[PDB]
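Have a look at start-v6.pdb; it's PDB, N, CA and C atoms:
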```
MODEL        1
ATOM      1  N   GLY A   1      -8.632  -9.794  -9.592
ATOM      2  CA  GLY A   1      -8.085  -9.901 -10.933
ATOM      3  C   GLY A   1      -6.809 -10.718 -10.975
ATOM      4  N   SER A   2      -5.941 -10.408 -11.932
ATOM      5  CA  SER A   2      -4.680 -11.124 -12.081
ATOM      6  C   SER A   2      -3.525 -10.318 -11.495
ATOM      7  N   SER A   3      -3.354  -9.096 -11.988
ATOM      8  CA  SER A   3      -2.285  -8.223 -11.516
ATOM      9  C   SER A   3      -2.753  -7.380 -10.334
ATOM     10  N   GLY A   4      -3.959  -6.832 -10.446
ATOM     11  CA  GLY A   4      -4.503  -6.011  -9.381
ATOM     12  C   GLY A   4      -3.575  -4.878  -8.990
ATOM     13  N   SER A   5      -2.967  -4.991  -7.813
ATOM     14  CA  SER A   5      -2.056  -3.965  -7.323
ATOM     15  C   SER A   5      -2.783  -2.638  -7.131
ATOM     16  N   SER A   6      -3.991  -2.707  -6.581
ATOM     17  CA  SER A   6      -4.794  -1.512  -6.347
ATOM     18  C   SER A   6      -4.634  -1.023  -4.910
ATOM     19  N   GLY A   7      -3.587  -0.239  -4.670
ATOM     20  CA  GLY A   7      -3.340   0.282  -3.339
ATOM     21  C   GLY A   7      -3.061   1.772  -3.342
ATOM     22  N   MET A   8      -1.986   2.172  -2.672
ATOM     23  CA  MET A   8      -1.611   3.579  -2.600
ATOM     24  C   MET A   8      -0.119   3.759  -2.861
ATOM     25  N   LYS A   9       0.275   4.982  -3.201
ATOM     26  CA  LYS A   9       1.674   5.288  -3.476
ATOM     27  C   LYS A   9       2.537   5.037  -2.243
ATOM     28  N   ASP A  10       3.756   4.559  -2.468
ATOM     29  CA  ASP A  10       4.682   4.279  -1.376
ATOM     30  C   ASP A  10       4.811   5.485  -0.451
ATOM     31  N   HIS A  11       5.203   5.231   0.793
ATOM     32  CA  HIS A  11       5.365   6.296   1.776
ATOM     33  C   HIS A  11       6.265   7.403   1.235
ATOM     34  N   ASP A  12       7.418   7.013   0.702
ATOM     35  CA  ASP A  12       8.368   7.972   0.149
ATOM     36  C   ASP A  12       8.374   7.914  -1.375
ATOM     37  N   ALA A  13       7.404   8.581  -1.991
ATOM     38  CA  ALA A  13       7.297   8.607  -3.444
ATOM     39  C   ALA A  13       8.363   9.508  -4.058
ATOM     40  N   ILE A  14       8.663   9.281  -5.331
ATOM     41  CA  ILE A  14       9.664  10.074  -6.034
ATOM     42  C   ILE A  14       9.010  11.054  -7.001
ATOM     43  N   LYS A  15       9.340  12.333  -6.853
ATOM     44  CA  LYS A  15       8.788  13.371  -7.715
ATOM     45  C   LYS A  15       9.619  13.523  -8.985
ATOM     46  N   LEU A  16       9.205  12.833 -10.042
ATOM     47  CA  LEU A  16       9.910  12.893 -11.318
ATOM     48  C   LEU A  16       9.643  14.217 -12.027
ATOM     49  N   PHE A  17      10.710  14.958 -12.304
ATOM     50  CA  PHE A  17      10.592  16.245 -12.981
ATOM     51  C   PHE A  17      10.788  16.088 -14.487
ATOM     52  N   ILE A  18       9.728  16.348 -15.245
ATOM     53  CA  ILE A  18       9.784  16.236 -16.698
ATOM     54  C   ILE A  18       9.918  17.608 -17.349
ATOM     55  N   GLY A  19      10.783  17.698 -18.355
ATOM     56  CA  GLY A  19      10.989  18.957 -19.047
ATOM     57  C   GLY A  19      10.972  18.798 -20.554
ATOM     58  N   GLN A  20      11.062  19.917 -21.267
ATOM     59  CA  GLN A  20      11.055  19.896 -22.725
ATOM     60  C   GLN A  20       9.665  19.565 -23.259
ATOM     61  N   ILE A  21       8.647  20.169 -22.656
ATOM     62  CA  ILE A  21       7.269  19.939 -23.072
ATOM     63  C   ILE A  21       6.563  21.252 -23.391
ATOM     64  N   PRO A  22       5.846  21.279 -24.523
ATOM     65  CA  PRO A  22       5.108  22.467 -24.965
ATOM     66  C   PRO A  22       3.904  22.764 -24.080
ATOM     67  N   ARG A  23       3.491  24.027 -24.054
ATOM     68  CA  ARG A  23       2.351  24.442 -23.247
ATOM     69  C   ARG A  23       1.045  24.259 -24.014
ATOM     70  N   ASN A  24       0.930  23.136 -24.717
ATOM     71  CA  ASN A  24      -0.266  22.842 -25.496
ATOM     72  C   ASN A  24      -0.827  21.469 -25.133
ATOM     73  N   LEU A  25      -0.247  20.852 -24.110
ATOM     74  CA  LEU A  25      -0.688  19.536 -23.661
ATOM     75  C   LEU A  25      -1.586  19.652 -22.433
ATOM     76  N   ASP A  26      -2.067  18.513 -21.949
ATOM     77  CA  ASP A  26      -2.935  18.486 -20.776
ATOM     78  C   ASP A  26      -2.589  17.307 -19.872
ATOM     79  N   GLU A  27      -2.906  17.439 -18.588
ATOM     80  CA  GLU A  27      -2.629  16.385 -17.620
ATOM     81  C   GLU A  27      -3.325  15.086 -18.016
ATOM     82  N   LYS A  28      -4.540  15.208 -18.539
ATOM     83  CA  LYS A  28      -5.313  14.046 -18.960
ATOM     84  C   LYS A  28      -4.747  13.452 -20.244
ATOM     85  N   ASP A  29      -3.832  14.179 -20.874
ATOM     86  CA  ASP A  29      -3.210  13.722 -22.111
ATOM     87  C   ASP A  29      -1.810  13.176 -21.847
ATOM     88  N   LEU A  30      -1.233  13.565 -20.714
ATOM     89  CA  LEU A  30       0.105  13.115 -20.344
ATOM     90  C   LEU A  30       0.035  11.985 -19.322
ATOM     91  N   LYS A  31      -0.919  12.082 -18.402
ATOM     92  CA  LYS A  31      -1.096  11.066 -17.371
ATOM     93  C   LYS A  31      -1.276   9.686 -17.994
ATOM     94  N   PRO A  32      -2.091   9.617 -19.057
ATOM     95  CA  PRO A  32      -2.364   8.362 -19.764
ATOM     96  C   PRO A  32      -1.091   7.587 -20.083
ATOM     97  N   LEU A  33      -0.230   8.182 -20.902
ATOM     98  CA  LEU A  33       1.026   7.547 -21.284
ATOM     99  C   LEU A  33       1.703   6.907 -20.076
ATOM    100  N   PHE A  34       2.179   7.744 -19.160
ATOM    101  CA  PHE A  34       2.847   7.260 -17.957
ATOM    102  C   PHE A  34       2.015   6.183 -17.268
ATOM    103  N   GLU A  35       0.707   6.410 -17.192
ATOM    104  CA  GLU A  35      -0.198   5.460 -16.557
ATOM    105  C   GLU A  35       0.015   4.053 -17.112
ATOM    106  N   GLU A  36       0.275   3.968 -18.412
ATOM    107  CA  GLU A  36       0.496   2.683 -19.065
ATOM    108  C   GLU A  36       1.752   2.007 -18.522
ATOM    109  N   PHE A  37       2.679   2.813 -18.016
ATOM    110  CA  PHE A  37       3.926   2.294 -17.467
ATOM    111  C   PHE A  37       3.796   2.039 -15.968
ATOM    112  N   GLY A  38       3.198   2.994 -15.262
ATOM    113  CA  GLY A  38       3.021   2.855 -13.827
ATOM    114  C   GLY A  38       1.682   3.385 -13.354
ATOM    115  N   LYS A  39       1.260   2.950 -12.172
ATOM    116  CA  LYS A  39      -0.011   3.385 -11.605
ATOM    117  C   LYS A  39       0.124   4.758 -10.955
ATOM    118  N   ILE A  40       0.215   5.794 -11.784
ATOM    119  CA  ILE A  40       0.345   7.158 -11.289
ATOM    120  C   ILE A  40      -0.608   7.415 -10.126
ATOM    121  N   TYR A  41      -0.124   8.133  -9.119
ATOM    122  CA  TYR A  41      -0.932   8.449  -7.948
ATOM    123  C   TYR A  41      -1.435   9.888  -8.005
ATOM    124  N   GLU A  42      -0.580  10.788  -8.481
ATOM    125  CA  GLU A  42      -0.938  12.198  -8.587
ATOM    126  C   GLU A  42      -0.074  12.900  -9.631
ATOM    127  N   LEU A  43      -0.714  13.704 -10.474
ATOM    128  CA  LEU A  43      -0.007  14.435 -11.520
ATOM    129  C   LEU A  43      -0.309  15.928 -11.441
ATOM    130  N   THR A  44       0.733  16.746 -11.559
ATOM    131  CA  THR A  44       0.578  18.194 -11.502
ATOM    132  C   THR A  44       1.504  18.884 -12.496
ATOM    133  N   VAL A  45       0.932  19.750 -13.327
ATOM    134  CA  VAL A  45       1.708  20.479 -14.324
ATOM    135  C   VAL A  45       2.068  21.875 -13.829
ATOM    136  N   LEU A  46       3.346  22.079 -13.530
ATOM    137  CA  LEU A  46       3.822  23.370 -13.045
ATOM    138  C   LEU A  46       3.328  24.502 -13.939
ATOM    139  N   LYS A  47       2.326  25.233 -13.461
ATOM    140  CA  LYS A  47       1.763  26.347 -14.215
ATOM    141  C   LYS A  47       1.536  27.555 -13.311
ATOM    142  N   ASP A  48       2.398  28.556 -13.441
ATOM    143  CA  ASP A  48       2.289  29.769 -12.638
ATOM    144  C   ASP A  48       0.991  30.508 -12.944
ATOM    145  N   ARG A  49       0.672  31.500 -12.118
ATOM    146  CA  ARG A  49      -0.544  32.283 -12.299
ATOM    147  C   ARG A  49      -0.212  33.749 -12.562
ATOM    148  N   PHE A  50       1.078  34.065 -12.571
ATOM    149  CA  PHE A  50       1.528  35.432 -12.809
ATOM    150  C   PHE A  50       2.119  35.574 -14.209
ATOM    151  N   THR A  51       3.301  34.998 -14.408
ATOM    152  CA  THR A  51       3.974  35.061 -15.700
ATOM    153  C   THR A  51       4.364  33.669 -16.184
ATOM    154  N   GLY A  52       4.673  32.784 -15.242
ATOM    155  CA  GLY A  52       5.059  31.430 -15.594
ATOM    156  C   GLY A  52       3.862  30.539 -15.865
ATOM    157  N   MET A  53       2.852  31.094 -16.526
ATOM    158  CA  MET A  53       1.645  30.342 -16.849
ATOM    159  C   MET A  53       1.975  28.878 -17.127
ATOM    160  N   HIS A  54       3.116  28.645 -17.768
ATOM    161  CA  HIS A  54       3.546  27.290 -18.094
ATOM    162  C   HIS A  54       5.068  27.203 -18.153
ATOM    163  N   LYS A  55       5.654  26.510 -17.182
ATOM    164  CA  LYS A  55       7.102  26.350 -17.123
ATOM    165  C   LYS A  55       7.561  25.204 -18.020
ATOM    166  N   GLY A  56       6.890  25.043 -19.156
ATOM    167  CA  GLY A  56       7.243  23.984 -20.083
ATOM    168  C   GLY A  56       7.731  22.734 -19.376
ATOM    169  N   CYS A  57       7.025  22.340 -18.321
ATOM    170  CA  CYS A  57       7.392  21.154 -17.556
ATOM    171  C   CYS A  57       6.219  20.665 -16.714
ATOM    172  N   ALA A  58       6.391  19.507 -16.086
ATOM    173  CA  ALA A  58       5.346  18.929 -15.250
ATOM    174  C   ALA A  58       5.931  17.958 -14.231
ATOM    175  N   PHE A  59       5.245  17.804 -13.104
ATOM    176  CA  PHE A  59       5.699  16.905 -12.048
ATOM    177  C   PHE A  59       4.885  15.615 -12.045
ATOM    178  N   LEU A  60       5.576  14.488 -11.920
ATOM    179  CA  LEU A  60       4.918  13.185 -11.904
ATOM    180  C   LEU A  60       5.332  12.382 -10.674
ATOM    181  N   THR A  61       4.374  11.669 -10.091
ATOM    182  CA  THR A  61       4.637  10.857  -8.908
ATOM    183  C   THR A  61       4.188   9.416  -9.119
ATOM    184  N   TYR A  62       5.148   8.498  -9.125
ATOM    185  CA  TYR A  62       4.850   7.083  -9.319
ATOM    186  C   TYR A  62       4.630   6.384  -7.981
ATOM    187  N   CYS A  63       3.590   5.561  -7.917
ATOM    188  CA  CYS A  63       3.268   4.831  -6.695
ATOM    189  C   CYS A  63       4.459   4.001  -6.228
ATOM    190  N   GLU A  64       5.016   3.209  -7.139
ATOM    191  CA  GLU A  64       6.159   2.363  -6.818
ATOM    192  C   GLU A  64       7.465   3.030  -7.240
ATOM    193  N   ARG A  65       8.439   3.035  -6.335
ATOM    194  CA  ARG A  65       9.735   3.642  -6.611
ATOM    195  C   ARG A  65      10.392   2.992  -7.826
ATOM    196  N   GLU A  66      10.467   1.666  -7.813
ATOM    197  CA  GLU A  66      11.072   0.925  -8.913
ATOM    198  C   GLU A  66      10.423   1.298 -10.243
ATOM    199  N   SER A  67       9.101   1.163 -10.307
ATOM    200  CA  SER A  67       8.359   1.481 -11.522
ATOM    201  C   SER A  67       8.929   2.724 -12.197
ATOM    202  N   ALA A  68       8.944   3.834 -11.464
ATOM    203  CA  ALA A  68       9.463   5.089 -11.989
ATOM    204  C   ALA A  68      10.710   4.857 -12.836
ATOM    205  N   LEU A  69      11.662   4.111 -12.286
ATOM    206  CA  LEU A  69      12.904   3.813 -12.991
ATOM    207  C   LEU A  69      12.622   3.305 -14.401
ATOM    208  N   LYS A  70      11.686   2.368 -14.510
ATOM    209  CA  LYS A  70      11.318   1.800 -15.802
ATOM    210  C   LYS A  70      10.899   2.894 -16.778
ATOM    211  N   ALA A  71       9.791   3.561 -16.471
ATOM    212  CA  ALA A  71       9.285   4.634 -17.320
ATOM    213  C   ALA A  71      10.373   5.659 -17.616
ATOM    214  N   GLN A  72      11.245   5.889 -16.639
ATOM    215  CA  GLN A  72      12.332   6.848 -16.796
ATOM    216  C   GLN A  72      13.232   6.464 -17.965
ATOM    217  N   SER A  73      13.889   5.314 -17.847
ATOM    218  CA  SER A  73      14.784   4.834 -18.893
ATOM    219  C   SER A  73      14.000   4.435 -20.139
ATOM    220  N   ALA A  74      12.721   4.128 -19.953
ATOM    221  CA  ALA A  74      11.861   3.732 -21.061
ATOM    222  C   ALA A  74      11.429   4.943 -21.881
ATOM    223  N   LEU A  75      11.225   6.068 -21.203
ATOM    224  CA  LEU A  75      10.809   7.297 -21.870
ATOM    225  C   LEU A  75      12.014   8.178 -22.188
ATOM    226  N   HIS A  76      12.801   8.487 -21.162
ATOM    227  CA  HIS A  76      13.986   9.320 -21.333
ATOM    228  C   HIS A  76      14.646   9.056 -22.684
ATOM    229  N   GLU A  77      15.064  10.127 -23.351
ATOM    230  CA  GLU A  77      15.709  10.010 -24.654
ATOM    231  C   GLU A  77      15.113   8.857 -25.455
ATOM    232  N   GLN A  78      13.802   8.671 -25.328
ATOM    233  CA  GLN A  78      13.110   7.603 -26.040
ATOM    234  C   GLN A  78      11.946   8.156 -26.854
ATOM    235  N   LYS A  79      11.212   9.095 -26.266
ATOM    236  CA  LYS A  79      10.071   9.707 -26.937
ATOM    237  C   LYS A  79      10.329  11.184 -27.213
ATOM    238  N   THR A  80       9.869  11.656 -28.367
ATOM    239  CA  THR A  80      10.051  13.050 -28.750
ATOM    240  C   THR A  80       8.725  13.691 -29.140
ATOM    241  N   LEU A  81       8.243  14.600 -28.301
ATOM    242  CA  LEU A  81       6.982  15.287 -28.559
ATOM    243  C   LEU A  81       7.050  16.081 -29.860
ATOM    244  N   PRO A  82       5.893  16.235 -30.521
ATOM    245  CA  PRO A  82       5.795  16.974 -31.784
ATOM    246  C   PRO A  82       6.000  18.472 -31.596
ATOM    247  N   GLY A  83       7.039  19.008 -32.231
ATOM    248  CA  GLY A  83       7.326  20.425 -32.120
ATOM    249  C   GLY A  83       8.644  20.698 -31.425
ATOM    250  N   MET A  84       9.112  19.729 -30.645
ATOM    251  CA  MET A  84      10.369  19.870 -29.921
ATOM    252  C   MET A  84      11.487  19.098 -30.615
ATOM    253  N   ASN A  85      12.475  19.825 -31.123
ATOM    254  CA  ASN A  85      13.603  19.208 -31.813
ATOM    255  C   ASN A  85      14.272  18.158 -30.929
ATOM    256  N   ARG A  86      14.287  18.414 -29.625
ATOM    257  CA  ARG A  86      14.897  17.493 -28.674
ATOM    258  C   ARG A  86      13.839  16.606 -28.021
ATOM    259  N   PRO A  87      14.261  15.416 -27.569
ATOM    260  CA  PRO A  87      13.367  14.454 -26.919
ATOM    261  C   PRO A  87      12.910  14.926 -25.542
ATOM    262  N   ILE A  88      12.121  14.095 -24.870
ATOM    263  CA  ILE A  88      11.618  14.427 -23.543
ATOM    264  C   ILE A  88      12.617  14.030 -22.461
ATOM    265  N   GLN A  89      12.916  14.968 -21.568
ATOM    266  CA  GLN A  89      13.856  14.716 -20.482
ATOM    267  C   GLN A  89      13.122  14.299 -19.212
ATOM    268  N   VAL A  90      13.640  13.271 -18.546
ATOM    269  CA  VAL A  90      13.034  12.774 -17.316
ATOM    270  C   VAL A  90      14.080  12.591 -16.223
ATOM    271  N   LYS A  91      13.923  13.331 -15.131
ATOM    272  CA  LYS A  91      14.853  13.250 -14.011
ATOM    273  C   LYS A  91      14.151  13.574 -12.697
ATOM    274  N   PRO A  92      14.527  12.852 -11.630
ATOM    275  CA  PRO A  92      13.946  13.047 -10.298
ATOM    276  C   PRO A  92      14.365  14.372  -9.671
ATOM    277  N   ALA A  93      13.431  15.013  -8.977
ATOM    278  CA  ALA A  93      13.704  16.289  -8.325
ATOM    279  C   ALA A  93      14.451  16.085  -7.011
ATOM    280  N   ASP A  94      15.511  15.286  -7.057
ATOM    281  CA  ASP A  94      16.312  15.010  -5.870
ATOM    282  C   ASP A  94      17.535  15.920  -5.814
ATOM    283  N   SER A  95      17.977  16.234  -4.600
ATOM    284  CA  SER A  95      19.134  17.101  -4.410
ATOM    285  C   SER A  95      20.313  16.316  -3.842
ATOM    286  N   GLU A  96      21.252  15.957  -4.713
ATOM    287  CA  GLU A  96      22.429  15.203  -4.299
ATOM    288  C   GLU A  96      23.481  16.127  -3.691
ATOM    289  N   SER A  97      23.965  15.764  -2.507
ATOM    290  CA  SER A  97      24.972  16.562  -1.816
ATOM    291  C   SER A  97      26.111  16.933  -2.759
ATOM    292  N   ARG A  98      26.301  18.233  -2.964
ATOM    293  CA  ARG A  98      27.356  18.722  -3.844
ATOM    294  C   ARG A  98      27.537  20.229  -3.690
ATOM    295  N   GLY A  99      28.578  20.763  -4.322
ATOM    296  CA  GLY A  99      28.843  22.188  -4.242
ATOM    297  C   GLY A  99      30.321  22.495  -4.107
ATOM    298  N   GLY A 100      31.102  22.095  -5.106
ATOM    299  CA  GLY A 100      32.533  22.338  -5.074
ATOM    300  C   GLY A 100      33.216  21.951  -6.369
ATOM    301  N   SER A 101      34.160  22.778  -6.808
ATOM    302  CA  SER A 101      34.888  22.518  -8.046
ATOM    303  C   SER A 101      36.075  23.466  -8.186
ATOM    304  N   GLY A 102      37.176  22.950  -8.722
ATOM    305  CA  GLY A 102      38.365  23.763  -8.903
ATOM    306  C   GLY A 102      39.629  23.046  -8.468
ATOM    307  N   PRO A 103      40.034  22.031  -9.244
ATOM    308  CA  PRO A 103      41.236  21.242  -8.953
ATOM    309  C   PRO A 103      42.517  22.042  -9.161
ATOM    310  N   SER A 104      43.625  21.522  -8.641
ATOM    311  CA  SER A 104      44.915  22.189  -8.767
ATOM    312  C   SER A 104      46.058  21.216  -8.496
ATOM    313  N   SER A 105      47.285  21.677  -8.722
ATOM    314  CA  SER A 105      48.464  20.847  -8.505
ATOM    315  C   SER A 105      48.391  19.570  -9.338
ATOM    316  N   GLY A 106      47.951  19.709 -10.585
ATOM    317  CA  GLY A 106      47.840  18.561 -11.465
ATOM    318  C   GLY A 106      46.489  17.881 -11.364
TER     319      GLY A 106
ENDMDL
END
```

Can you present the structure in this file as structure tokens?
Amino acid sequence: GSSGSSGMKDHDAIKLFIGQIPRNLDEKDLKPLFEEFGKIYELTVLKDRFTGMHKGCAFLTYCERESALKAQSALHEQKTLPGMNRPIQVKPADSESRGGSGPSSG
């Protein structure tokens, strides 16, 4: 083809954590959108089997690291699902070294 790019997700993929989503959607209904932005490799909607049937959120994995960035800033505070007063939040499930607060002496 022209663009092609039919391969596999990068070795170190980024797990984008999406929040502010109602428990009335479906992976086949959410994957599409993102798919238009990036070649999603795997999608999973955090859904417990005890009480957290739906943690009003879902995990997304973009094949290309860069791509994710696009959809992130492209979607983040950009799209607002029906029923949610606030827009859709998009942030990577990364843990930045931190754990301290409490200045003094000015």

Test item, strand (DSSP E) assignment across stretch 7-103 of chain A, answer as a count of residues only: 19

Protein and nucleic acid residues near (6.1, 4.5, -8.1) (cut-off 7 Å, all atoms listed in the file) as a PyMOL selection string: chain A and resi 9-10+13-14+38-39+61-69

Residue neighbourhood residue A:45, 7 Å, all atoms listed in the file, exclusion window fewer than 3 positions, as a PyMOL selection string: chain A and resi 27+48+55+57-59

With the cut-off set at 8 Å and counting only C-alpha atoms, tabulate each residue of stretch 43-83 of chain A with an atom at most that distance from an atom of stretch 28-37 of chain A, showing the nearest atom pair and its distance in Å to one decimal, ordered by chain and increasing number, as a Markdown table.
```
| residue | atom | partner | partner_atom | distance |
| --- | --- | --- | --- | --- |
| A:43 | CA | A:31 | CA | 6.8 |
| A:67 | CA | A:37 | CA | 7.5 |
| A:70 | CA | A:37 | CA | 7.6 |
| A:71 | CA | A:37 | CA | 5.8 |
```

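Note that atom CA of residue A:60 and atom CA of residue A:5 are 19.1 Å apart.
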
Atom CA of residue A:83 to atom CA of residue A:18, straight-line distance in Å: 16.2 Å

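Look at everything within 7 Å of (13.1, 11.1, -22.4) using only C-alpha atoms, and the residues you get are residues 75, 76, 77, 78, 79, 87, 88, 89 and 90 of chain A.
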
DSSP helix (DSSP H, G or I) selection over stretch 17-96 of chain A, as a ChimeraX atom specification: /A:27-37,65-75

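The two atoms in question, atom CA of residue A:25 and atom CA of residue A:56, are spaced 9.8 Å apart.
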
Coordinates of box centre and edge lengths for stretch 59-66 of chain A, 4 Å on every side, axis-aligned, as lines of an AutoDock Vina configuration file:
```
center_x = 7.2
center_y = 9.4
center_z = -9.7
size_x = 15.8
size_y = 24.9
size_z = 14.9
```

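Of the listed residues (A:7, A:1, A:19, A:52), A:19 comes nearest to residue A:91; the distances count only C-alpha atoms.
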
Residues in the PyMOL selection byres ((chain A and resi 94) around 8), expressed as a PyMOL selection string: chain A and resi 14-17+91-93+95-97
